[PDB]
Structure formats: structure tokens, C-alpha cells
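Next up: a single chain in C-alpha cells, the form deposited in one PDB entry.
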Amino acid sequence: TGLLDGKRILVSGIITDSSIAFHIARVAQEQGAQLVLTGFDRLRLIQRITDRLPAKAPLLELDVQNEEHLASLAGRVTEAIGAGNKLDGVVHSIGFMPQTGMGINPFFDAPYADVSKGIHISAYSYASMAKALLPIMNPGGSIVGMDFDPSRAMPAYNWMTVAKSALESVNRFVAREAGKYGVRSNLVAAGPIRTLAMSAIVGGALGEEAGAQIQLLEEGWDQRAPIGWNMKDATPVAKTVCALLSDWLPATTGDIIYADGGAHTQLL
């Protein structure tokens, strides 16, 4: 077997060993994939964690907010996999919001300067990444970002909701350019996963109206999800991501696949 068998996917956004990107990559390799990898500020950290995957694989420094890594990235990657070689898949799995736009901080008190920031990171960078990586992808390719149903408002998620909505729209336009290169572009709207990022929020709000309202929300997934949802286990979202990087969903783009155990399709 080998779903991603001798395919070449740069997975981005790893920063610990239950980061979503991570279990994507793990499952990716269990699966013949052959990965490049990007990381943010503390490379050495990421670097340390990456060292834990089945097989070894290159890591390059990507601060989505500055165009020299943007401008160089396809050079570097082709360096990483050898000139006369092309990307088969790309995994966007970054995302970020100033503490002031989330959890308990009131919605109206987040200042555009910080909103601008996490949009920049969570939404726009899906496009910048696609701009730079597409010139080196093969026909039949696949780009995949990570999504959280921004479709209906909920507590705490606040402005990130707003930036995931932007995301969904950007993904749509990305799929128009992706089309020219023969390339698919989609998001996976994951149910909640226990993650560095998940606990930045769940932590940075603790004892207010929050270690609660969001608590309900949480149990709200497993209750609603006909086949259940286990926030502890990332692999189902990673398999879902793999499915889109594969060739087995050839006819789908500009689109969102919901890996949340059916929750979003259920009212209770």
C-alpha cells in the first residue's frame, strides 16, 4: 500500500507532538510520503519535536509574515527535494490570534491591529503560501488548510471565527488559481483537538465564564457526533487530511471536508 506513495508534501505548522500538522505528517510517512516541513520562531524546538517521526526529513524556516521566506521558499524546497523535482501536496496548518481577540476579552475590545495580525496569519497566508508553492507543484496536486466551522457563531472563539470565515473564502479563490496548475485546494474543518493552541485559549481564560461555556461547547461535539468525537485523538483528522492529499478525492476543490464525527450535521 502507501496512500501517499512516493508523493512529496511540504507539511507546515508543527510546534509539538500533538500539533495537528504532526499527526498529518506521521500518517503521511506511515504512508510513503516524503516531507519537507516548515516551522515558525523556535525552529530548534520544532526541530527537536520533528525528530520523533518515522523517517527523517528537511525543515525550513517559515514566518508567513515576511516575504523573503515567501520569496525564497520554492528555491529552498526544490533545494530540499532536488531541482527537476516538484511538490505533490501542501499542508497549510498554521493559524494565530492575539489573546485580545479571544476567550474572555470582550469581542468589542479587540483592536484592528491585532485582528489584522491573526487574519494575516490564519487566512491570507493560505494565499501567500499558494502563490509561492504552486509554481512547483505537479498536475494532480493537492493543497489543504485547516478549518473550524466558522459558519455559526459560538462563545470564546470570537475573532478567530472571523478569520476562519475569511479562510473559507480564500480557499475558494485559491482553488481558482490552483486549477490552472491542475491543483486541488481544500480545508478540513476539524472538530476540537487538544493542542498547544487549544490550551492557549482554554488556559488564557481559565476561571471566568469560560473554563465552562467552552467546556459545554467541548462536550457539545461528542454529544452531537453520531459516531462520537474524542478530542484526545488527532489521527482521524490526519487521515482525513491524508485522504485529500491522496488521489482518492480527485473531483473535489474550493471545498471543506468536515472531520468532526458528524457533529456539524446534528443539532443535538
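By rigid core we mean the largest C-alpha set that fits within 1.5 Å across both forms. All residue numbers are counted from 1 along the displayed sequence. Shifts are known only where both forms have a C-alpha.
In this entry, 67-75 shows the higher mean Cα temperature factor of the pair 183-191 and 67-75.
Of the two stretches examined, 51-59 and 226-234, the record assigns the greater average C-alpha temperature factor to 51-59. For the set 140, 95, 145, 82, the PDB entry assigns the largest Cα B-factor to 82. Sort the chain's modelled residues by C-alpha temperature factor and residue 36 lands in the middle third, per the entry. Among all modelled residues in this chain, the alpha-carbon of residue 268 has a temperature factor (C-alpha) in the middle third. Among the modelled residues of the chain, residue 120 sits in the middle third by CA temperature factor in this PDB entry. For residue 164, the recorded CA B-factor ranks within the lowest third of the chain. Only modelled residues enter the ranking. For residue 86, the recorded CA B-factor ranks within the highest third of the chain. Only modelled residues enter the ranking.
Below, we refer to the form deposited in another entry, which is not included among the displayed structures.
Looking at CA displacements between this form and the one not shown with the core superposed, a shift of 2 Å or more is confined, among 231, 217, 49, 55, to 217. Look at residue 206 and residue 154: in the other entry their Cα atoms come 3 Å or more closer than in this form. Expansion of the residue 154-residue 215 CA spacing by 3 Å or more is recorded in the other entry, set against this form. After superposition on the rigid core, residues whose Cα atoms move by 2 Å or more in a run of at least three fall only at 206-220 between this form and the one not shown.
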